[PDB]
Structure formats: C-alpha cells, structure tokens
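Student: In the UniProt record's numbering, the protein residues as written are 10 to 196, 205 to 324, 337 to 852, 926 to 1263, 1270 to 1506.
My questions will all concern the structure given below.
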C-alpha cells in the first residue's frame, strides 16, 4: 500500500492539472535530493581526488552570494520542517522531503565552494540539482496556490505558502547565479574551444556557439577565427585509439573485424545518442496525447459549463504548460542526440582518414601499385565519408521501428481498429515512393551525364577560343552547343521536372489520403462518433508516422553502402606491409672511406610473395664505400630500380642480410614533385640555411630557371605539378636530395633525363670528388660515361643478377664488352544582393513565378480548409452521437484534399516547366551569347578553369537545384504564414506572441544565414587539401619513405584533418544552435496557442474544434520553421550562382559581327596603324603604314619581344586599333562587320587545335564549302589517305579529342586545308617555336605555296628558314617597323641582326 497520508495519493497528476503534493514531496523533490546526495558526494571526492590543489579563482562576490543563497534556502527548509510538524506531519512524504533536502543542501553547501576552487565549468550536478529544486518547489508553489484558490484552504498554512515562495525565489536566484556568471581567474594561436568551458546548460542549449555566431554575422570568418578543436577531437589521439583497438582485433582475435574495431572505440557516444533518441521518441509521441487530453478536457469543461466538482480551468493551463515542457525537453534531448551522433561521425572520419594514411605509408610497393591511386584516394574521399554519414542514420535501424510501433499503438488506442487502413496506405506507398526515388536518381544521373557532355563541348570551345574566334567559327560551334543543350539536356531536365511534380504530388497526397481513408473506414465501421478529440490527434500521429516510413528504406540503402565501404577499408588495412627488416639500418659512421656504408650478403629480394612469388632480384653480393661514388649500370628495366629500392626497403628480402647506414636521400626514376612552393620542394621540411641553400641551388644549375620563373623559388608548383617540366624537375629533385645532406644518396637516374651540359654541370659540382657532397656516399644508377668516370666502384646487373662488380680499374682490366666500353571580398558583411533575385525573377517569367506562388497559396489554403472542414465535421459528429452524413462530410473532405494535391502538382509543373527551365535556358543562352562574343582580352585575363567552372559547376546549379530550393522555401514560408493565420484566428491575441517570436526568429535565422554560409564555405575549402595531399603522397610514396620522412608526412596529414574538423565542428554545431533556437520558438508557440486557447475557454467562447485545429497546426511549426531556415541558407548559397552567371552575361563585347559595310562577294595597306595587346599595355604596333600588293608573298621578322606575334591579332581586330586603321582593296576594317572580315580573310593559327568529333567539322563545320571542295582540299594537303586510314568515312572520319592522336605538322596541314578551302582575298600565316618534325615542316613549307599561287601571304614565322623564301620582308622593332624586299635584297644592304644568325 501507499505509505503516505493525503487525499491525493502518489498518483503523479492530481484532479487538478498539477502534481499531487505527495508526488512533489515524495518523488520530485526527493529524487532531486537523492541525485544530489549520490552524485554530489561523488563530485566532492572527485574534485578532491582528481588534484590536490588546482589553479584557484578569485573568491569574488559570485561565490559568496551563491553561498549566501544556499544558507538562506537551508534556513527555509529548516523553517518548513519546524512549521509543518504539527499539521499531521505523520504523512511520510513531507518528512522524507525535508530530511533529503536538508542533507542535499548541505552537500551543495560544500560543493559550490569546492567547484569554485577546483573546476572551470560551473558544475553539472549543481546546475541540474538547482533546476530540479526550482522545478519541484515551483510545482509545490503551484499546488499550494491551486488548492488555495479552489478549495479555499492552504494545505501548508499561510506561513508554509510564503516560505515555499521564498524557497522558489532562492532556488531560481541560485540557479541563475550558478549558470550565468563568468568566472574570474585573476592570473596568435586560435582561442580554446568554448565547448570545454560551457556548463551543462550551455552544452544543452548550444549557447557556447553564440559568440562564434555573432562574429560570423559581424564579419567574414577565416581559419584565424575558428576555435581550436575541443580536447578529444585531435586526429592523432582519435587515430591512436582506433588503431589500438584495431590492432587488438588483428592480433588478439582469430577473425579481425574493422566494424567491431570502430564499435569498440566509438560506441559509447552512439549508445548515449540512442538513449536520447529513445527519450525524444517517447516525448514526440506523448505530445499528440497531450493534444488529445487538452481537446477532451475542453469539450468536457465546455459541456459542463453550458446549461458537483466541476472541472477546473487550471487543468487547461497545466496541460498547455505540459505541452511546453514536452516540447522543450524534446528539443533538448533531440539535439543532444544529434550532437553525439555527429561527434561520433567526425571521430570516425578523423580516426579513419588518418589511419588510412598511416597505412598508406606502410603499404608494400606491390600492393600500392596493385591499388589504383584514384582508388585509394576514394578510399577516404568517399568510403570514409559513407561511414561518417552512416552514423547519423545508425540509430534509426531501431528508432525506425520503435517510432513506428508506439505510433501504431497510439493510433490503435485512440482511433480504433480502422487505423490499419492508414498504415496500409503508407506501406503501399513505400514501394512506390522508393521506386520514384530510383527513377529520380536515374534522371538526375542522366542530367549529370549531359552536363559532362556540355562541359566537354564548352571545354574545347573555351580552351581553343583563340582559334575559334580567329576563323569566325563562333556561330557554328554555338549552334553545336545549343543543339546539345536544348535537345539532350533540357529535355531530360523537363522529364526530371515532370517526375519531380509527380513525387511532390505523392508527398502531399499520401499524408492526406491516409487520414481520409482512415476516417472513412472508422466512420463506416465503428459505432463510435468521430469526435474532434479523435480526428486531430489521429492527424498528428499520421504526420509523425510519415517520417519513419519515409526514412527506413533510405536508411537500409545507406546501411548497405556503409557495409561495402567497411569491406573496402578492411581489405585495405589488411593489405600487405613492407617488411621492416627488408634492410637493417644503423647510424652514420664518423670515419671516411674505410667503412661499408651499405651491404648486401648474397641476398635475394622478391618484388612480392602472395600476388606472385616467382619474380625476384637474385642473390647478390654488393658493397658501397663511404665518402665515395658507387655506380650501377645495366639495361633499362633489368633491375636498377629494384636494386635501389632494396636499400630503400620497398623490396622484400628473403635471404642474405642487407644493411645501410644513417639517414638516406632518394631520387626516383621519375623525379617526384610535391605541389607547393619550389623553395618547399627544395627544403622538404629541412630548416632553411642560406649559405648552403644558395650554394646548393647553384650547384643544381637551375638558378636560371628560378630567373625564368615569375616568383622564382617562391613560385608555386601548380596543382598536380603542371607548372614545371621534366628538365626542371630532375634538377629540382636532385637539389632536394643534396640539400638534405643525407648520410647516403640513392640516385636512380638522377641526371639521365636532362641534357649533357646540365649533366656535366651536376657532375662537376655535386657528384665529382671536388663536389660539395664528396663525403656523402652515392649509389647512382646510370649508363653515361661522363658520370661513370667518377665511380669508385661499379656493378653491372642483368635480369636481376649482378654480372660483375668492382672498381673502375678492375672494370678496365675485365675487357668485357660493356666493361671495355665503360672503361575575394572584403571581410565586412555587405547585405544580400537583392538585385540578383530580381535578375532571376526576370529570367523566370515574372508572371510564371507569380503563378507558382499563387498555386502554392491555393495548395496551402486548401489544406487549411481541409482541416477546417475536418473541424466542422468533428464538431458535428460530437454534437450528434453518431456520424450523421458520412458521405457528404467525407466527400467534401476528399474534395478539399485532392484540391490541395492538384494545387501542389500545378505548383511543381509551373515551376519546372515555365519558371525554372525558362530561366535556365535564358541564362545559358545569354551567357554563351556574351562569353563567345567577348573580346580576346577577357580570355587572356581570366583563367580558363574558372570560365569553364561557370559553365559546368555553376549553371548546372541554376538548372537543377536553385529551382527546388526556391520551391521548398516558398512552400514552407506559405505553410508557416497559414499556420500563424490559423492559430491567430483561433486566438486573436496570439499576435502579441508571434511578433516577439518573429523578431527572435529573424534574429537567429540571420545570424545562422551568415555564419553557416561562411562555415560551409570554409569547410569546403579545407576539405579538399586532405585528398589532394593523399594523392600526391601516393604518387611520391617512394621518396617519402626514401628520406624517412613518413613522420612529417603523417603529421601533415593529421594537421590537414584537424583543420577540416576545426572547419566542420562549428558548422554542425551551428546547425544545432539554430535548430535549438527554432524548436524552442516552436515550443513557445505551442505554449502561446494552447494557453491563449484556454483563456478564451475561460471566457467561455471556445469550442473544442478550435483548440484542436489551432494546436494540430502549431505542433508542426517546430519543423517548418527549421526547414524555412535551411532553405533560406541554401537559396543564398545558390543564388550566387545566378550572380556568377550574370557577371559574365553582361561582359562588354567587341564590335558587332555584322554591319552595313559588307564585303559584297585583294590587297592591304596599313595607315598609321597602332594597337596594344592589353588595354593597360604600351602600344605593340605604332604608326604602321606598310602597303602590300595583292600577290606579294610577304614575310615579317622582328625582335623576340616585338609585336611580331601580336600583328596577326591586330589584323583580324582581335585587338582593336588605337589609332590609324587597316584599309583593304577598297574598304577599311574598322567599319567592316567582324564576321565578314574574319572569314573573308583566311589564316593558319600560331598553333593548331583539335575538336571532338569528325574531321569534317574541323575543316568545314558550317558546311558552306561543298563536299567536292572539301575533298579537293584533302587532296591538296594529302591528308586524304590519313583520314581514310583513320576511318572509312575519310573526310567525315572520326577524331579523338585532346589526345596525341595526331602529330603537330598534320594539324598544321589541316589548318592549311581550312585556309585553301575558304575562298579568301588575303591569307595570313603563322608558326611558333615548337617540336615540329622537320619532315612535315618542309611539307608545310612547300604546300603553303600550293595552297594559293596568287594570294597575298603574310608569312609570320619564328623560323627564318621558313621566311627566306619570302619576296618582301618587314622588320618589326617593338612597335617600330622597317620594310624591305626579299631577304637577299635586305642583306645586300647591311649586316642585319637576323643575318648575324643566318
């Protein structure tokens, strides 16, 4: 039996809404006290036990004030015990309460002192103890006050009431004085994370993000602003933990399993997250039950009040407050669950992204080559990502069914057996919905495929725009591009939009249709009346049920993907190691020459065992002296690289002992270059020491290349090393080696890939005995006699066997065949660019967008009227005892629901067809109309990479994602507008709540809009360097172990991961901070709506339907608010795409293609002509006045830096005249249409180009030249046999794009074919210093005559050999000019500058 004495037993909830006095005293204030006893003593001992004396804080007013309040509340509890004894204190609960509370207060008395001395964070246990004291004592105050105001009598007397009021005041004051104060300590690198100092309420409410959010709002963020990771997130510690557990799995268990390794390491946090998810589920499904209880209460009370122990109107207020407490606790526990799952996600990425790299540095060479570099890079750019994203969804494998089981139970409970119709409809939809997910994916991948197609077309067009513009091929390739786009890509996009509208229709109908069918079957099978307390809680429960059944299949999909990824990682970590004993290693030897620096005792070295045991380097005796050069010789691929690798350890020793002394340096067969500064590729982590740095760089004979380089050694080796070339690279690698001053040098053809002059330079400064490195051993593999002359010892190997070994004299005496032969924006946060939104609304038809919004409004209006009709129907069914006109009411409800569904279908169709696709088409046509139409200055100044990004990455987003982002934003904005409208209509004085909440909501969504955008950008920036670093390390994996620098490289990877987590942890915690603020705003809206509804009830003018409807709507604000804020962040992140498109679309352009001065279908004369290659540059041509007659085969010469190259651009107006002009046979170019000029003239480019597809379009794409003429041109250039052999199609033969499918001279002949094919009255020629084969070169030099016997020829050429045949010569001098007859006449006058070379 209950061991208490009170009319209101332990029953937690009294007849009135609030807790029974026995529950408050017996359970709440007793458990708080017992919690405080246990955990408070635990913390007391812990703080005393953890450290004998910690860095103390100033005992400022704070500590003394909270101390005083503890004493005050102790006084009040003592006074309560004194006061209540007489008033039947035999009721055990009161005495238990005061005993426990007195003991608890003493323990807190102590613990505040101890925490203030010993702990930085305001202790968790005191914050929660005082939260429960304030809560319990507030419950007691409310209980007393309710009993007073209802039953007329104070159950603890006037004194007990006021004393409890003081207890509540003291508890609240002490709780705030605990949580709020910052704590005085009375005592560059990024400041410590606030998550370490945040007390438990700050951890719950993520208010420790408020400082970062303020900074992100006030200014742009950079890695100087992001706080360091909190303690335990360092990739090194995470990787060590996971690696210890993984090693335990590998060695202590017979069947190791990486999945259990990860569980053993990071399972505790996921289990806690699962607990919080369970509590969240329970709360999410109690809240609809409180809605049902509130509606049932309202109808009971209203019926009684119209027309003993009548219900109290305080139960309505307590139920509204219960709704608020459930909302608040739900959001707190939910975001703790999210915090823990994402912390485990970042752990698993950091722990694995580092452990993969540490494994990579240990992989055997065989295995590393077996795996593709791209594969292994994916192994942590995708596979580890899957594991990270698996954690987010891991807990739904049980919270999925768990959130379904209790939802089905609740629906059965309240709505009866008919529920099964709704469950059946959702289940039936699940296959269909998943099938549409597959179809959406298929169409989206097709869209990405066509995006890649268009990206390739744009890539060629932009890359060789110079030529394309030069021939005037702008319009034909524009037509090609727009054909591809319009037909293949946008038709696919309309298909995607149609099925997107279908999926939106399903998404909107199914939650409606479930409820409609369930109410139908309920009405037509159940004898009960469909009361308004059954309709609305059922509707909320179906809305909740939507999500688990929506998500579970996607969870299983992510689960199978994660399982495959764990499989890949497991096969990786088990991948074969290099054996650490392949070569034993010893320190350096102090002496010189005498000692063997490295040894091989008849040892054998297999490349691998298990993939293939058969191949090995044979049993070799080998030696190398200290302070000498030992050289290795032999044919290519015979084992030189293997021998060197052996002392590098990449080969697998099986027999004989091998040893090497001291630190080593390695130069690979191909010199590895790591992206970064050239100075960095020299230093390679070794400290900068000038007097040796410049000596070394000189010795490596590339100071000339530093002089050529724009920024010298400070120049950045381009992404993936594209900036340098092999000649520089070999020298640079050897420079790294020498600068290391390694105790040994293993050199695999360090000097073979460069000219003999450079080789001799390196020999005489580095390798020769006089060289700066004489005291350091060299084991140099090569065959060049110059190098061999330095060798103190040599060995020749064939097929993995050293044929002979000895010094140079012995090699000489051997008389062997080879032996004899050998011997962006400022960081002030400027407001959003509304003008770009207007531009987009103009790209979408500005009336189509309004039709879109109109149909969104109709959809949501018809959903609201669906619920209002449901309210009317339920009020009728409650007025009557049974369902009076099921057919009528249900049919109208179905009509309204299908009205909403059709409104949404029209919404999405109008969006995708009229609005978004129209804008995409318009913007792309505008952008291509501008870019291709832009002058050559644009392309010279701007990176082709970025210009191509605008077309591939950027306009794709405006195509596909911006439209849906706007649609989600407006759907949810209208949804919330109508939800607020419904709640206000139910309680007009809700406006005074929504306005303050609206201000707070704008405040938070704005802070988040700026800071989450910045942190997402900054995470994106910091992400890639991890993968790029990994791929370069894979490429250079040999050298890294070479120098024995795996330590530094591993540490660089760790600090490449920690940077990412510094960028990420704030991002996801930003999501948490926003979501907490918005879910608490939602909880306050629930409280406002429910309490104002109860007030209207007390006024007696509330009907249960109104409260049911208003709250059934207010419950889903909690999610629609957060979803609006996510969509507004996303739309700001995308609309910058339209900004980037517009910035190109309006580019200033060259003169019009066409103008009245047409060429009706020839000789030329310059007239004081001048121009500059760049508008800010000085004139490259000045006062040019040359006259050329119609047939003269003119050539031109000039200084290397002269405008000789720039002339051709100047003639075709690619660079516009500064003053003067060029006149043609009868007309001046400055008023000729550019297309007319450009194509009536003819040209062969400075360098040729290749387009994808057939040669027909590379000779005549516009097809204005007849097939017979094309065939004749192929004859004249005799490419004909070549194209016919390439494919039977001959002149229409297919051609591969971008590859080395053709040697230069044949491309030049194809260009000449274009030239002779076009009927032209001028023909300009060009040629540039390049690796042209002399054969095809002379073929060109003779066929150029055959092209036009009579046409004027402006032969630009760097090859005077090409120029000498010219009949007239122009000499250009940095804008100055001289003109002459043929070169013989020119040189007959003076010893010309060029004649000096000739």
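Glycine included, every Cβ here is placed at the ideal spot set by N, Cα and C.
1) Tell me whether the beta-carbon of residue 655 lies closer than 8 Å to the beta-carbon of residue 622.
2) Tell me whether residue 1294 sits in a helix, a strand or coil according to DSSP, three-state version.
3) Could you name each continuous alpha helix (DSSP H) segment of 4 residues or more that falls completely within the segment 645 to 701, going from the start of the chain to the end?
4) Taking buried to mean at least 16 other C-beta atoms within 10 Å of its own C-beta, is residue 476 buried or exposed?
5) Any idea what DSSP makes of residue 1431, helix, strand or coil?
6) Let me check understanding here. Comparing Cα to Cα, which of 698, 699, 726, 1316 lies closest to residue 707?
7) Given a threshold of 16 other Cβ atoms within 10 Å of its Cβ, counted over all protein chains shown, does residue 616 qualify as buried or as exposed?
8) Helix, strand or coil: how does DSSP classify residue 631 here?
9) With 16 as the cutoff for other CB atoms within 10 Å, does residue 1356 come out buried or exposed?
10) From what residue to what residue does the beta strand (DSSP E) around residue 844 run?
11) Could you name the residues of the same chain whose beta carbon sits closer than 7 Å to that of residue 1440, not counting the 5 residues immediately before and after it, in chain order?
12) For residue 1202, is the classification buried or exposed, using 16 other Cβ atoms within 10 angstroms of its Cβ as the cut-off for buried?
13) First and last residue of the alpha helix (DSSP H) that includes residue 362?
14) DSSP has residue 471 in a bridge; who is on the other side?
15) Are the CB atoms of residue 1366 and residue 1431 nearer to each other than 8 Å?
16) Which residues mark the beginning and the end of the beta strand (DSSP E) in which residue 755 is found?
17) Using CA atoms only, rank isn't needed, just tell me which of 1126, 1408, 1303, 1172 is closest to residue 748.
18) Relative to the C-alpha of residue 49, which residue among 1497, 115, 22 is closest?
19) Taking Cβ to Cβ, would you say residue 1246 is nearer than 8 Å to residue 1453?
20) Three or more beta-carbon pairs under 8 Å between the segment 298 to 307 and the segment 430 to 440, yes or no?
21) Does any CB atom of chain C fall closer than 8 Å to the CB of residue 810?
22) So the candidates are 1379, 1434, 1214; which of them puts its Cα closest to the Cα of residue 1315?
23) Buried or exposed: which applies to residue 61, given that a residue is buried once 16 or more other Cβ atoms fall within 10 Å of its Cβ?
24) Between the C-alpha atoms of residue 411 and residue 595, what's the straight-line distance to the nearest angstrom?
25) Quick check: what's the CA-CA separation for residue 618 versus residue 598?
26) Would you kindly report the start and end of the unbroken beta strand (DSSP E) that includes residue 1500?
27) Taking Cβ to Cβ, would you say residue 327 is nearer than 8 Å to residue 156?
28) From which residue to which residue does the alpha helix (DSSP H) around residue 94 run?
29) Are the Cβ atoms of residue 217 and residue 136 separated by less than 8 Å?
30) Rounding to the nearest angstrom, what Cα-Cα distance links residue 658 and residue 674 in this structure?
31) In this structure, what does DSSP give as the bridge partners for residue 1487?
32) Look at the alpha carbon of residue 606 and the alpha carbon of residue 1230, and state the distance between them as a whole number of angstroms.
33) Consult DSSP for residue 254 and reduce its assignment to one of helix, strand or coil.
34) Under 8 Å, do residue 779 and residue 809 count as touching if we go by C-beta distance?
35) Have a look at 1307, 1336, 287, 1169 and flag the residue whose alpha-carbon is nearest the alpha-carbon of residue 1319.
36) Distance, Cα to Cα, residue 1239 vs residue 941?
Tutor: Quick look at the numbers:
1) By the CB criterion at 8 Å, residue 655 and residue 622 fall inside the cutoff.
2) DSSP places residue 1294 in coil when its eight states are reduced to three.
3) With a minimum length of 4 residues, the continuous alpha helix (DSSP H) runs that stay inside the segment 645 to 701 are 669 to 677.
4) By the Cβ neighbour-count rule, residue 476 is buried, with 16 or more other Cβ atoms within 10 Å of its own.
5) Strand.
6) Nearest of 698, 699, 726, 1316 to residue 707, Cα basis: 726.
7) With fewer than 16 neighbouring CB atoms inside 10 Å of its own CB, residue 616 falls in the exposed class.
8) DSSP, reduced to helix, strand and coil, places residue 631 within a strand of the structure shown.
9) Residue 1356 comes out buried.
10) Secondary structure note for residue 844: it is in no beta strand (DSSP E), with a DSSP letter that is neither H nor E.
11) Taken in chain order, the residues that qualify are 1412, 1413.
12) Here residue 1202 is exposed. Its C-beta has fewer than 16 other C-beta atoms within 10 Å.
13) For residue 362, the uninterrupted alpha helix (DSSP H) run begins and ends at 343 to 389, by DSSP.
14) Paired residue(s): none; residue 471 is not in a bridge.
15) No. Outside cutoff.
16) For residue 755, no beta strand (DSSP E) run applies; the uninterrupted alpha helix (DSSP H) run containing it begins and ends at 755 to 769, by DSSP.
17) Proximity to residue 748 across 1126, 1408, 1303, 1172 peaks at 1126, based on C-alpha coordinates.
18) The shortest C-alpha separation from residue 49 is found at 115.
19) No; because the gap between Cβ atoms is not below 8 Å, this pair is not in contact.
20) Put simply, the segment 298 to 307 touches the segment 430 to 440. At least three CB pairs are less than 8 Å apart.
21) Chain labels in this structure do not include chain C; a single protein chain is all it has.
22) It is 1434.
23) Exposed, since its Cβ has fewer than 16 Cβ neighbours within 10 Å.
24) In this structure, the CA atom of residue 411 is about 11 Å from the CA atom of residue 595.
25) Residue 598 has its alpha-carbon roughly 42 Å from the corresponding atom of residue 618.
26) Careful: residue 1500 lies outside any beta strand (DSSP E) and carries neither H nor E.
27) Residue numbering in the chain breaks between 324 and 337, and residue 327 falls inside that break, so it has no position here.
28) For residue 94, there is no enclosing alpha helix (DSSP H), as DSSP gives it neither H nor E.
29) The answer is yes: Cβ separation under 8 Å.
30) For residue 658 and residue 674, the distance between alpha carbons rounds to 18 Å.
31) The partner list for residue 1487 (beta bridge, DSSP) reads 1478.
32) If you draw a straight line from the Cα of residue 606 to the Cα of residue 1230, it is about 50 Å long.
33) Here DSSP, grouped into helix, strand and coil, assigns residue 254 to helix.
34) Yes, the pair counts as a contact, with Cβ atoms nearer than the cut-off.
35) It is 1336.
36) Distance between the alpha carbons of residue 1239 and residue 941: 12 Å.
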